[PDB]
2 protein chains.
Amino acid sequence: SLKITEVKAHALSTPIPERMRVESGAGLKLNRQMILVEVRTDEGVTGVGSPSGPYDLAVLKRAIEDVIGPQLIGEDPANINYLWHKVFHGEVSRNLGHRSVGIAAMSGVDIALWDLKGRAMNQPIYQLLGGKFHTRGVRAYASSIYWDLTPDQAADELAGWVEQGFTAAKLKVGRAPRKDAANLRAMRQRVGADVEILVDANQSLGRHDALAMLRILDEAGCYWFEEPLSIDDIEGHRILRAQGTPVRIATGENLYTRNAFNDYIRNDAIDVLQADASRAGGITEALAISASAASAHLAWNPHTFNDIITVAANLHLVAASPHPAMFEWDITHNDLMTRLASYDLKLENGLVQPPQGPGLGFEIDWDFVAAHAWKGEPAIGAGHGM
Amino acid sequence: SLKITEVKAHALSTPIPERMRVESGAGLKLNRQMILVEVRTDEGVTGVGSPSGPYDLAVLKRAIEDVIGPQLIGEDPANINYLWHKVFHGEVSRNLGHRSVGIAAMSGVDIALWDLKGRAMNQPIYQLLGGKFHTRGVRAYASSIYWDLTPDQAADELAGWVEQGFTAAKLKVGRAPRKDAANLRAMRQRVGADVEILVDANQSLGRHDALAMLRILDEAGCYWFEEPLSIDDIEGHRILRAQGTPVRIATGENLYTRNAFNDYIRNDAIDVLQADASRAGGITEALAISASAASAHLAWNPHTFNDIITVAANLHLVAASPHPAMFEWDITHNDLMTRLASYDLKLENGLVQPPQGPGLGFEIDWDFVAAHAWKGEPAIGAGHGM
Ligand SMILES: O=C(O)[C@@H](O)[C@H](O)[C@@H](O)C(=O)O
Ligand SMILES: O=C(O)[C@@H](O)[C@H](O)[C@@H](O)C(=O)O
Ligand SMILES: [Mg+2]
Ligand SMILES: [Mg+2]
């Protein structure tokens, strides 16, 4: 057997050229940052992970190394299930909060344990999970077309991603619903019916404005309506879904553990569960959520947006899952997507394939890591919702 | 990458001395039988499985070899998720029925694919599933004390199993409710409060008789009431569960796929889901049911009763699952529990451990297999419920 010797959190920051900084309800992007989790063992098998973002890097590092870490030192890393519960019940739930940055921290560590397990077995994670369902590849969408655009500019950006091979893309909405509607109508007109258009309000609307927007989305044949309302307003999501349109009500990037999603399902409030393996509790928890969605005849299509590790962790799960694919691919300026590891975006007929090596299935460029240590830069401006 | 070259179903029968034949609502046992599934590949990596029983062996063999098999020949066995859906949607659901012996047949093949995957990776299945949760072992129960006994005899048999190390055991009921009650009362007095007593009616009661019995079970502090009613009467189960007693309402050995269990959960009709990996759709399907149970704050404790393969397949999953264990262990006369493979019952403080070899984790005695080919013997007498 192996024993865990260290749990490390490397805080990393990468710059965004001013002209490339985008804003949504979540805030204006400043720097693309991450924690790279490293779980090390006595025999030298190592796994890495990421607890996503934006979350404060010092908070994440402290939680990972000094709250979670001590629960892992000396333990056999093979018992991922045991360790998830030891950590959640022993420290994280009460001492960081049950729906919290602590759960994202746990997620990064869980992903590292799965990477470690795959590497120890010399197998890609998706093979551990019963192999592929999506044998030909996984349909991706370009994320996203952000705020501050004219209708023709928005349509131009969409045409651009479609040219690159994408069969679907997502539009940010919320700040100015009349502009959102104009943008959406121009975009649909430009690409026709063969391209799926997703919309994401980042919790920015109230119920009545969301009902008004849903009518537009329905007219435009939008695939889903993501975070239409505060995640705290479950009944509001039920009301939207009860309209019975072909537009899916989607949420989950800010909901944590299977428990949050159970509450939405129980209240008939959700069509697409978006639990991110790197946020909602780990690969371990995302697996459970995906299964629970299928039991209820609903879909699981994760949020994946932060770095190439959060993308890869989710992609292994998605490739293995029978849910129809609508896989989020961050197309914004992001060095953490392109330079962190040996794995890049390759679309074939609009599909991506998970990395094929052991564990997460690629190698970290530790030179890049050594060159991008965080020195206190902020990741994102203040969010909206006030 | 491997390719599947054959899917074989070995029909086996083993006798039961008349003195050891037991009866429940399911019928009088005559012979302990099974299909040993064998999936072979071009490179010679082989997996085995079992679709449980009692199901007619010819129906099983035909389904496995000639309905399911043709969907598998030539395919990569690593893609278990893909193959499950290829088989279900392509053939089994419509052409064998959605809640059928066809699903059990699929389950035997799915287990064989998981055994194959584990053997190919040189890992026990529980390691693939995220490793152990129950690191110290899995709490087992002695299954079961059957019909036809006096209270004196029932109490004595229970004391015998407790002496062997069991901390829990199950009693068959349903033919004579007043005698059942007397047996239970004698059993509880005999062993005290520290031993869990489960009850199993094998669908043999009507609603009002089950309500009356539940009062008894509550009095005796029983752990669960298994198949109290027809599996077809979901509302009846809701009514029992709505009494709010500490007695769990349990069912699932005769329910198939996650869909059956979702219907029970949606109707507030179940405390313990008993989906058997070898009946309800495979390891693949049981994993999903276990997760769905947890999401709903309910328990998954599988039915495991037929042979050492059905026991082992479930035990890998149970060991890896955070559900409190109440693991079924057939203590009746059954050569398929003792002579088929090199994995015996070993209790330590009432706990069992999964096999530790690759795949299911033990080797088949192929000489025993060869010497016990089915010759048309029946497995079980007519069941009850009419
Ligand atoms: O840019 C943003 O709005 C957020 O950081 C993302 O998480 C976004 O909600 C998404 O769905 O990827
Ligand atoms: O012996 C019997 O009653 C059945 O064959 C079993 O399946 C039983 O219901 C059990 O829970 O193991
Ligand atoms: Mg979003
Ligand atoms: Mg039973």
# chains A, B, ... in the order shown; residues from 1 in each chain; ligands from 1

$ residues_near_ligand --ligand "ligand 3" --cutoff "8 Å" --atoms "only C-alpha atoms and all ligand atoms" --output "PDB file with N, CA, C and O atoms, in the first residue's frame"
ATOM      1  N   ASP A 200     -26.798  32.339 -20.102  1.00  0.00           N
ATOM      2  CA  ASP A 200     -26.394  32.280 -18.699  1.00  0.00           C
ATOM      3  C   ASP A 200     -26.555  33.653 -18.073  1.00  0.00           C
ATOM      4  O   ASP A 200     -25.875  34.606 -18.472  1.00  0.00           O
ATOM      5  N   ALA A 201     -27.448  33.753 -17.090  1.00  0.00           N
ATOM      6  CA  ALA A 201     -27.713  35.016 -16.411  1.00  0.00           C
ATOM      7  C   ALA A 201     -26.912  35.252 -15.120  1.00  0.00           C
ATOM      8  O   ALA A 201     -27.024  36.315 -14.517  1.00  0.00           O
ATOM      9  N   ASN A 202     -26.110  34.270 -14.699  1.00  0.00           N
ATOM     10  CA  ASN A 202     -25.303  34.412 -13.485  1.00  0.00           C
ATOM     11  C   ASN A 202     -26.086  34.958 -12.297  1.00  0.00           C
ATOM     12  O   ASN A 202     -25.607  35.849 -11.601  1.00  0.00           O
ATOM     13  N   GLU A 226     -29.364  29.215 -17.890  1.00  0.00           N
ATOM     14  CA  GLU A 226     -28.483  28.870 -16.778  1.00  0.00           C
ATOM     15  C   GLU A 226     -28.445  29.954 -15.716  1.00  0.00           C
ATOM     16  O   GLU A 226     -28.421  31.143 -16.040  1.00  0.00           O
ATOM     17  N   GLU A 227     -28.431  29.543 -14.443  1.00  0.00           N
ATOM     18  CA  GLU A 227     -28.527  30.462 -13.313  1.00  0.00           C
ATOM     19  C   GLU A 227     -29.446  31.662 -13.582  1.00  0.00           C
ATOM     20  O   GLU A 227     -29.037  32.814 -13.485  1.00  0.00           O
ATOM     21  N   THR A 251     -28.777  24.938 -13.514  1.00  0.00           N
ATOM     22  CA  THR A 251     -27.996  25.622 -12.502  1.00  0.00           C
ATOM     23  C   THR A 251     -27.083  24.612 -11.835  1.00  0.00           C
ATOM     24  O   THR A 251     -27.294  23.419 -11.965  1.00  0.00           O
ATOM     25  N   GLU A 253     -23.259  25.534 -10.804  1.00  0.00           N
ATOM     26  CA  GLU A 253     -21.886  25.958 -10.505  1.00  0.00           C
ATOM     27  C   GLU A 253     -21.717  26.548  -9.099  1.00  0.00           C
ATOM     28  O   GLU A 253     -20.606  26.563  -8.557  1.00  0.00           O
ATOM     29  N   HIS A 303     -20.641  22.481 -15.062  1.00  0.00           N
ATOM     30  CA  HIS A 303     -19.788  23.644 -15.206  1.00  0.00           C
ATOM     31  C   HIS A 303     -18.337  23.118 -15.184  1.00  0.00           C
ATOM     32  O   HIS A 303     -18.036  22.183 -14.450  1.00  0.00           O
TER      33      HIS A 303
END

$ closest_atom_pairs --of "chain B" --to "ligand 4" --cutoff "12 Å" --atoms "only C-alpha atoms and all ligand atoms" --output "Markdown table"
| residue | atom | partner | partner_atom_place_in_ligand_line | distance |
| --- | --- | --- | --- | --- |
| B:24 | CA | ligand 4 | 1 (Mg) | 9.2 |
| B:25 | CA | ligand 4 | 1 (Mg) | 9.1 |
| B:26 | CA | ligand 4 | 1 (Mg) | 8.4 |
| B:27 | CA | ligand 4 | 1 (Mg) | 11.8 |
| B:143 | CA | ligand 4 | 1 (Mg) | 9.0 |
| B:144 | CA | ligand 4 | 1 (Mg) | 9.2 |
| B:145 | CA | ligand 4 | 1 (Mg) | 11.7 |
| B:146 | CA | ligand 4 | 1 (Mg) | 11.2 |
| B:170 | CA | ligand 4 | 1 (Mg) | 9.2 |
| B:171 | CA | ligand 4 | 1 (Mg) | 9.8 |
| B:172 | CA | ligand 4 | 1 (Mg) | 8.3 |
| B:173 | CA | ligand 4 | 1 (Mg) | 10.4 |
| B:174 | CA | ligand 4 | 1 (Mg) | 11.9 |
| B:198 | CA | ligand 4 | 1 (Mg) | 10.2 |
| B:199 | CA | ligand 4 | 1 (Mg) | 8.8 |
| B:200 | CA | ligand 4 | 1 (Mg) | 5.6 |
| B:201 | CA | ligand 4 | 1 (Mg) | 7.4 |
| B:202 | CA | ligand 4 | 1 (Mg) | 5.7 |
| B:203 | CA | ligand 4 | 1 (Mg) | 8.8 |
| B:204 | CA | ligand 4 | 1 (Mg) | 11.1 |
| B:224 | CA | ligand 4 | 1 (Mg) | 11.1 |
| B:225 | CA | ligand 4 | 1 (Mg) | 9.7 |
| B:226 | CA | ligand 4 | 1 (Mg) | 6.2 |
| B:227 | CA | ligand 4 | 1 (Mg) | 6.5 |
| B:228 | CA | ligand 4 | 1 (Mg) | 9.6 |
| B:229 | CA | ligand 4 | 1 (Mg) | 11.4 |
| B:231 | CA | ligand 4 | 1 (Mg) | 11.4 |
| B:250 | CA | ligand 4 | 1 (Mg) | 9.1 |
| B:251 | CA | ligand 4 | 1 (Mg) | 7.5 |
| B:252 | CA | ligand 4 | 1 (Mg) | 8.1 |
| B:253 | CA | ligand 4 | 1 (Mg) | 6.3 |
| B:254 | CA | ligand 4 | 1 (Mg) | 8.5 |
| B:255 | CA | ligand 4 | 1 (Mg) | 11.3 |
| B:273 | CA | ligand 4 | 1 (Mg) | 11.6 |
| B:274 | CA | ligand 4 | 1 (Mg) | 8.7 |
| B:275 | CA | ligand 4 | 1 (Mg) | 10.8 |
| B:276 | CA | ligand 4 | 1 (Mg) | 10.7 |
| B:301 | CA | ligand 4 | 1 (Mg) | 11.5 |
| B:302 | CA | ligand 4 | 1 (Mg) | 9.9 |
| B:303 | CA | ligand 4 | 1 (Mg) | 6.8 |
| B:304 | CA | ligand 4 | 1 (Mg) | 9.2 |
| B:305 | CA | ligand 4 | 1 (Mg) | 8.2 |
| B:306 | CA | ligand 4 | 1 (Mg) | 11.2 |
| B:328 | CA | ligand 4 | 1 (Mg) | 9.6 |
| B:329 | CA | ligand 4 | 1 (Mg) | 11.7 |
| B:330 | CA | ligand 4 | 1 (Mg) | 11.0 |

$ residues_around --residues "residue 163 (chain B)" --least-positions-apart "6" --cutoff "12 Å" --atoms "only C-alpha atoms" --output "number ranges by chain"
B: 142, 156-157, 169, 191, 195, 347, 349-350

$ select_by_dssp --residues "region 33-66 of chain B" --states "helix (DSSP H, G or I)" --output "ChimeraX atom specification"
/B:57-66

$ write_last_selection --atoms "N, CA, C and O atoms" --output "mmCIF file, in the first residue's frame"
data_model
loop_
_atom_site.group_PDB
_atom_site.id
_atom_site.type_symbol
_atom_site.label_atom_id
_atom_site.label_comp_id
_atom_site.auth_asym_id
_atom_site.auth_seq_id
_atom_site.Cartn_x
_atom_site.Cartn_y
_atom_site.Cartn_z
ATOM 1 N N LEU B 57 -32.889 -21.622 -16.290
ATOM 2 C CA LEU B 57 -31.517 -21.572 -16.809
ATOM 3 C C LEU B 57 -31.430 -21.508 -18.333
ATOM 4 O O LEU B 57 -30.503 -20.892 -18.875
ATOM 5 N N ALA B 58 -32.379 -22.148 -19.024
ATOM 6 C CA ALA B 58 -32.420 -22.094 -20.483
ATOM 7 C C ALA B 58 -32.778 -20.705 -20.996
ATOM 8 O O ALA B 58 -32.229 -20.246 -22.002
ATOM 9 N N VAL B 59 -33.723 -20.045 -20.327
ATOM 10 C CA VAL B 59 -34.082 -18.677 -20.683
ATOM 11 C C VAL B 59 -32.850 -17.789 -20.502
ATOM 12 O O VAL B 59 -32.492 -16.997 -21.386
ATOM 13 N N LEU B 60 -32.199 -17.916 -19.353
ATOM 14 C CA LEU B 60 -30.989 -17.136 -19.085
ATOM 15 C C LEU B 60 -29.892 -17.383 -20.124
ATOM 16 O O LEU B 60 -29.292 -16.439 -20.650
ATOM 17 N N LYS B 61 -29.643 -18.652 -20.427
ATOM 18 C CA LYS B 61 -28.535 -19.001 -21.324
ATOM 19 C C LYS B 61 -28.792 -18.426 -22.709
ATOM 20 O O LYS B 61 -27.904 -17.837 -23.325
ATOM 21 N N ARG B 62 -30.024 -18.576 -23.182
ATOM 22 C CA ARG B 62 -30.403 -18.075 -24.498
ATOM 23 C C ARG B 62 -30.280 -16.554 -24.539
ATOM 24 O O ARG B 62 -29.689 -15.987 -25.467
ATOM 25 N N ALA B 63 -30.820 -15.891 -23.519
ATOM 26 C CA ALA B 63 -30.741 -14.434 -23.453
ATOM 27 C C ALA B 63 -29.292 -13.950 -23.472
ATOM 28 O O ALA B 63 -28.953 -13.024 -24.208
ATOM 29 N N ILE B 64 -28.439 -14.578 -22.669
ATOM 30 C CA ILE B 64 -27.062 -14.114 -22.521
ATOM 31 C C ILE B 64 -26.251 -14.371 -23.792
ATOM 32 O O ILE B 64 -25.580 -13.480 -24.304
ATOM 33 N N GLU B 65 -26.347 -15.587 -24.317
ATOM 34 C CA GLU B 65 -25.519 -15.985 -25.444
ATOM 35 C C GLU B 65 -25.998 -15.433 -26.778
ATOM 36 O O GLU B 65 -25.187 -15.080 -27.643
ATOM 37 N N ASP B 66 -27.314 -15.369 -26.957
ATOM 38 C CA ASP B 66 -27.876 -15.160 -28.285
ATOM 39 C C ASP B 66 -28.713 -13.885 -28.462
ATOM 40 O O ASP B 66 -29.071 -13.521 -29.587
#

$ residues_around --residues "residue 118 (chain B)" --least-positions-apart "6" --cutoff "7 Å" --atoms "only C-alpha atoms" --output "PyMOL selection string"
chain B and resi 124-125+358-359

$ write_last_selection --atoms "C-alpha atoms" --output "compact mmCIF listing (two decimals), in the first residue's frame"
# COMPACT_ATOMS: atom_id res chain seq x y z
CA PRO B 124 -10.02 -5.66 -7.16
CA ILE B 125 -13.27 -4.07 -8.31
CA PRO B 358 -8.12 -8.81 -9.28
CA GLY B 359 -11.69 -8.31 -10.51

$ closest_atom_pairs --of "chain A" --to "chain B" --cutoff "7 Å" --atoms "only C-alpha atoms" --output "JSON lines"
{"residue": "A:78", "atom": "CA", "partner": "B:131", "partner_atom": "CA", "distance": 5.5}
{"residue": "A:79", "atom": "CA", "partner": "B:131", "partner_atom": "CA", "distance": 4.3}
{"residue": "A:80", "atom": "CA", "partner": "B:130", "partner_atom": "CA", "distance": 5.2}
{"residue": "A:81", "atom": "CA", "partner": "B:133", "partner_atom": "CA", "distance": 5.0}
{"residue": "A:82", "atom": "CA", "partner": "B:133", "partner_atom": "CA", "distance": 4.1}
{"residue": "A:121", "atom": "CA", "partner": "B:121", "partner_atom": "CA", "distance": 6.8}
{"residue": "A:127", "atom": "CA", "partner": "B:78", "partner_atom": "CA", "distance": 6.9}
{"residue": "A:128", "atom": "CA", "partner": "B:128", "partner_atom": "CA", "distance": 5.2}
{"residue": "A:130", "atom": "CA", "partner": "B:80", "partner_atom": "CA", "distance": 5.1}
{"residue": "A:131", "atom": "CA", "partner": "B:79", "partner_atom": "CA", "distance": 4.2}
{"residue": "A:132", "atom": "CA", "partner": "B:79", "partner_atom": "CA", "distance": 5.0}
{"residue": "A:133", "atom": "CA", "partner": "B:82", "partner_atom": "CA", "distance": 4.0}
{"residue": "A:258", "atom": "CA", "partner": "B:295", "partner_atom": "CA", "distance": 5.8}
{"residue": "A:259", "atom": "CA", "partner": "B:295", "partner_atom": "CA", "distance": 6.2}
{"residue": "A:262", "atom": "CA", "partner": "B:295", "partner_atom": "CA", "distance": 6.0}
{"residue": "A:288", "atom": "CA", "partner": "B:291", "partner_atom": "CA", "distance": 5.0}
{"residue": "A:291", "atom": "CA", "partner": "B:288", "partner_atom": "CA", "distance": 5.0}
{"residue": "A:292", "atom": "CA", "partner": "B:292", "partner_atom": "CA", "distance": 4.7}
{"residue": "A:295", "atom": "CA", "partner": "B:258", "partner_atom": "CA", "distance": 5.8}
{"residue": "A:296", "atom": "CA", "partner": "B:262", "partner_atom": "CA", "distance": 6.7}
{"residue": "A:320", "atom": "CA", "partner": "B:81", "partner_atom": "CA", "distance": 6.5}

$ residues_around --residues "residue 40 (chain B)" --least-positions-apart "4" --cutoff "6 Å" --atoms "only C-alpha atoms" --output "compact mmCIF listing (two decimals) with N, CA, C and O atoms, in the first residue's frame"
# COMPACT_ATOMS: atom_id res chain seq x y z
N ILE B 4 -13.99 -8.37 -27.55
CA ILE B 4 -14.72 -9.53 -27.08
C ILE B 4 -14.87 -10.56 -28.20
O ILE B 4 -15.25 -10.23 -29.32
N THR B 5 -14.57 -11.82 -27.89
CA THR B 5 -14.71 -12.89 -28.87
C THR B 5 -15.82 -13.91 -28.58
O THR B 5 -16.33 -14.55 -29.50
N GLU B 6 -16.16 -14.08 -27.31
CA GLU B 6 -17.25 -15.01 -26.95
C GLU B 6 -17.97 -14.53 -25.70
O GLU B 6 -17.35 -13.94 -24.81
N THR B 46 -10.25 -12.83 -19.45
CA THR B 46 -11.61 -13.36 -19.31
C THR B 46 -12.25 -12.81 -18.05
O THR B 46 -11.59 -12.65 -17.03

$ select_by_dssp --residues "region 122-370 of chain B" --states "strand (DSSP E)" --output "VMD selection string"
chain B and resid 138 to 145 168 to 172 196 to 200 224 to 226 248 to 251 272 to 273 299 to 300 327 to 330 351 to 352

$ write_last_selection --atoms "C-alpha atoms" --output "tab-separated table (two decimals), in the first residue's frame"
chain	number	residue	atom	x	y	z
B	138	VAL	CA	-18.73	-4.99	6.34
B	139	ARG	CA	-21.41	-5.97	8.87
B	140	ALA	CA	-23.20	-9.11	7.63
B	141	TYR	CA	-26.51	-10.76	8.42
B	142	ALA	CA	-27.40	-14.46	8.41
B	143	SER	CA	-29.99	-15.12	5.70
B	144	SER	CA	-32.32	-16.60	6.74
B	145	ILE	CA	-34.49	-18.48	9.20
B	168	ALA	CA	-27.95	-9.73	12.73
B	169	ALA	CA	-30.20	-12.25	11.00
B	170	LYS	CA	-33.37	-12.44	8.90
B	171	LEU	CA	-36.67	-14.31	9.44
B	172	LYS	CA	-39.01	-15.38	6.66
B	196	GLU	CA	-30.66	-6.97	14.77
B	197	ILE	CA	-33.61	-8.99	13.54
B	198	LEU	CA	-34.83	-8.48	9.99
B	199	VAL	CA	-38.10	-9.81	8.59
B	200	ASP	CA	-38.90	-10.81	4.99
B	224	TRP	CA	-36.52	-3.82	8.55
B	225	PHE	CA	-39.65	-5.26	6.93
B	226	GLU	CA	-38.62	-6.64	3.54
B	248	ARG	CA	-37.42	0.33	7.79
B	249	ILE	CA	-39.56	-0.56	4.79
B	250	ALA	CA	-37.26	-2.51	2.46
B	251	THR	CA	-37.65	-3.96	-1.03
B	272	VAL	CA	-34.02	0.59	2.15
B	273	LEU	CA	-33.37	-0.03	-1.55
B	299	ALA	CA	-30.19	3.41	2.38
B	300	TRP	CA	-28.95	0.89	-0.16
B	327	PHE	CA	-24.91	-7.29	4.18
B	328	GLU	CA	-26.92	-10.39	3.23
B	329	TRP	CA	-25.05	-13.69	3.62
B	330	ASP	CA	-26.83	-16.91	2.54
B	351	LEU	CA	-17.79	-8.21	9.74
B	352	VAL	CA	-16.77	-9.63	6.36

$ atom_distance --atom1 "CA of residue 309 (chain B)" --atom2 "atom 2 (C, counted along the ligand's line) of ligand 2"
17.0 Å

$ atom_distance --atom1 "CA of residue 183 (chain B)" --atom2 "CA of residue 30 (chain B)"
24.7 Å

$ atom_distance --atom1 "CA of residue 14 (chain A)" --atom2 "CA of residue 31 (chain A)"
5.6 Å

$ closest_residue --among "A:307, A:148, A:23, A:194" --to "ligand 1" --atoms "only C-alpha atoms and all ligand atoms"
A:23

$ residues_around --residues "residue 212 (chain B)" --least-positions-apart "5" --cutoff "12 Å" --atoms "only C-alpha atoms" --output "MDAnalysis selection string"
chainID B and resid 174 177:178 180:181 205:207 217:219 228 240 243

$ write_last_selection --atoms "N, CA, C and O atoms" --output "PDB file, in the first residue's frame"
ATOM      1  N   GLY B 174     -44.983 -14.820   6.545  1.00  0.00           N
ATOM      2  CA  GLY B 174     -46.047 -14.586   5.587  1.00  0.00           C
ATOM      3  C   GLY B 174     -47.124 -15.645   5.488  1.00  0.00           C
ATOM      4  O   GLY B 174     -48.248 -15.351   5.090  1.00  0.00           O
ATOM      5  N   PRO B 177     -49.300 -15.482   9.953  1.00  0.00           N
ATOM      6  CA  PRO B 177     -48.880 -14.292  10.704  1.00  0.00           C
ATOM      7  C   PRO B 177     -48.842 -14.461  12.225  1.00  0.00           C
ATOM      8  O   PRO B 177     -47.957 -13.902  12.863  1.00  0.00           O
ATOM      9  N   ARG B 178     -49.779 -15.203  12.805  1.00  0.00           N
ATOM     10  CA  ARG B 178     -49.755 -15.410  14.252  1.00  0.00           C
ATOM     11  C   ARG B 178     -48.549 -16.224  14.699  1.00  0.00           C
ATOM     12  O   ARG B 178     -47.990 -15.983  15.771  1.00  0.00           O
ATOM     13  N   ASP B 180     -45.678 -16.365  12.917  1.00  0.00           N
ATOM     14  CA  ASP B 180     -44.565 -15.445  12.683  1.00  0.00           C
ATOM     15  C   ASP B 180     -44.335 -14.559  13.908  1.00  0.00           C
ATOM     16  O   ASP B 180     -43.211 -14.401  14.375  1.00  0.00           O
ATOM     17  N   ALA B 181     -45.415 -13.978  14.433  1.00  0.00           N
ATOM     18  CA  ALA B 181     -45.319 -13.103  15.593  1.00  0.00           C
ATOM     19  C   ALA B 181     -44.750 -13.849  16.792  1.00  0.00           C
ATOM     20  O   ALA B 181     -43.900 -13.333  17.508  1.00  0.00           O
ATOM     21  N   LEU B 205     -48.058 -10.763   1.982  1.00  0.00           N
ATOM     22  CA  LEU B 205     -49.129 -10.130   2.766  1.00  0.00           C
ATOM     23  C   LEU B 205     -49.959  -9.117   1.990  1.00  0.00           C
ATOM     24  O   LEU B 205     -49.468  -8.487   1.046  1.00  0.00           O
ATOM     25  N   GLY B 206     -51.220  -8.973   2.399  1.00  0.00           N
ATOM     26  CA  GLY B 206     -52.054  -7.854   1.978  1.00  0.00           C
ATOM     27  C   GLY B 206     -51.774  -6.648   2.861  1.00  0.00           C
ATOM     28  O   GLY B 206     -51.060  -6.757   3.854  1.00  0.00           O
ATOM     29  N   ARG B 207     -52.327  -5.489   2.511  1.00  0.00           N
ATOM     30  CA  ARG B 207     -52.023  -4.255   3.240  1.00  0.00           C
ATOM     31  C   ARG B 207     -52.396  -4.301   4.722  1.00  0.00           C
ATOM     32  O   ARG B 207     -51.605  -3.901   5.577  1.00  0.00           O
ATOM     33  N   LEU B 217     -43.616  -6.006  14.608  1.00  0.00           N
ATOM     34  CA  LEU B 217     -42.206  -5.769  14.304  1.00  0.00           C
ATOM     35  C   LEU B 217     -41.676  -4.576  15.100  1.00  0.00           C
ATOM     36  O   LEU B 217     -40.546  -4.578  15.562  1.00  0.00           O
ATOM     37  N   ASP B 218     -42.499  -3.543  15.233  1.00  0.00           N
ATOM     38  CA  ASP B 218     -42.097  -2.347  15.952  1.00  0.00           C
ATOM     39  C   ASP B 218     -41.874  -2.725  17.422  1.00  0.00           C
ATOM     40  O   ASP B 218     -40.854  -2.377  18.028  1.00  0.00           O
ATOM     41  N   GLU B 219     -42.835  -3.451  17.981  1.00  0.00           N
ATOM     42  CA  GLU B 219     -42.737  -3.995  19.341  1.00  0.00           C
ATOM     43  C   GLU B 219     -41.420  -4.738  19.565  1.00  0.00           C
ATOM     44  O   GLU B 219     -40.750  -4.541  20.584  1.00  0.00           O
ATOM     45  N   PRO B 228     -42.842  -6.526   2.170  1.00  0.00           N
ATOM     46  CA  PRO B 228     -44.058  -6.761   2.951  1.00  0.00           C
ATOM     47  C   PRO B 228     -45.261  -7.056   2.052  1.00  0.00           C
ATOM     48  O   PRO B 228     -46.138  -7.837   2.421  1.00  0.00           O
ATOM     49  N   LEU B 240     -47.389   1.832   4.790  1.00  0.00           N
ATOM     50  CA  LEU B 240     -46.570   1.242   5.855  1.00  0.00           C
ATOM     51  C   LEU B 240     -45.515   2.224   6.364  1.00  0.00           C
ATOM     52  O   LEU B 240     -45.331   2.396   7.577  1.00  0.00           O
ATOM     53  N   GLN B 243     -46.515   5.143   8.680  1.00  0.00           N
ATOM     54  CA  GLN B 243     -46.794   4.891  10.097  1.00  0.00           C
ATOM     55  C   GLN B 243     -45.700   5.477  11.009  1.00  0.00           C
ATOM     56  O   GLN B 243     -45.881   5.591  12.220  1.00  0.00           O
TER      57      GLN B 243
END

$ residues_around --residues "region 51-55 of chain A" --least-positions-apart "5" --cutoff "9 Å" --atoms "only C-alpha atoms" --output "ChimeraX atom specification"
/A:32-37,60,101,103-109,111,276-279,282,304-307,309-310,379-380

$ closest_residue --among "B:50, B:153, B:41, B:1" --to "residue 313 (chain B)" --atoms "only C-alpha atoms"
B:50

$ closest_residue --among "B:241, B:215, B:8, B:29" --to "ligand 2" --atoms "only C-alpha atoms and all ligand atoms"
B:29

$ decode --residues "region 268-275 of chain B" --atoms "N, CA and C atoms" --output "PDB file, in the first residue's frame"
ATOM      1  N   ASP B 268     -42.603   8.242  -1.792  1.00  0.00           N
ATOM      2  CA  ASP B 268     -42.282   8.164  -0.352  1.00  0.00           C
ATOM      3  C   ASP B 268     -42.527   6.763   0.207  1.00  0.00           C
ATOM      4  N   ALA B 269     -42.151   5.746  -0.569  1.00  0.00           N
ATOM      5  CA  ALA B 269     -42.575   4.377  -0.288  1.00  0.00           C
ATOM      6  C   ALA B 269     -41.451   3.416   0.104  1.00  0.00           C
ATOM      7  N   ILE B 270     -40.266   3.932   0.390  1.00  0.00           N
ATOM      8  CA  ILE B 270     -39.155   3.025   0.647  1.00  0.00           C
ATOM      9  C   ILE B 270     -38.104   3.657   1.564  1.00  0.00           C
ATOM     10  N   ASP B 271     -37.603   2.868   2.519  1.00  0.00           N
ATOM     11  CA  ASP B 271     -36.468   3.256   3.363  1.00  0.00           C
ATOM     12  C   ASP B 271     -35.140   2.621   2.951  1.00  0.00           C
ATOM     13  N   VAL B 272     -35.204   1.362   2.532  1.00  0.00           N
ATOM     14  CA  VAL B 272     -34.022   0.592   2.151  1.00  0.00           C
ATOM     15  C   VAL B 272     -34.222   0.023   0.746  1.00  0.00           C
ATOM     16  N   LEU B 273     -33.392   0.487  -0.182  1.00  0.00           N
ATOM     17  CA  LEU B 273     -33.372  -0.030  -1.546  1.00  0.00           C
ATOM     18  C   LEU B 273     -32.494  -1.271  -1.579  1.00  0.00           C
ATOM     19  N   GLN B 274     -33.038  -2.377  -2.091  1.00  0.00           N
ATOM     20  CA  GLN B 274     -32.318  -3.653  -2.081  1.00  0.00           C
ATOM     21  C   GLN B 274     -31.869  -4.135  -3.458  1.00  0.00           C
ATOM     22  N   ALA B 275     -31.752  -3.211  -4.409  1.00  0.00           N
ATOM     23  CA  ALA B 275     -31.252  -3.566  -5.736  1.00  0.00           C
ATOM     24  C   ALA B 275     -29.983  -4.429  -5.651  1.00  0.00           C
TER      25      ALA B 275
END
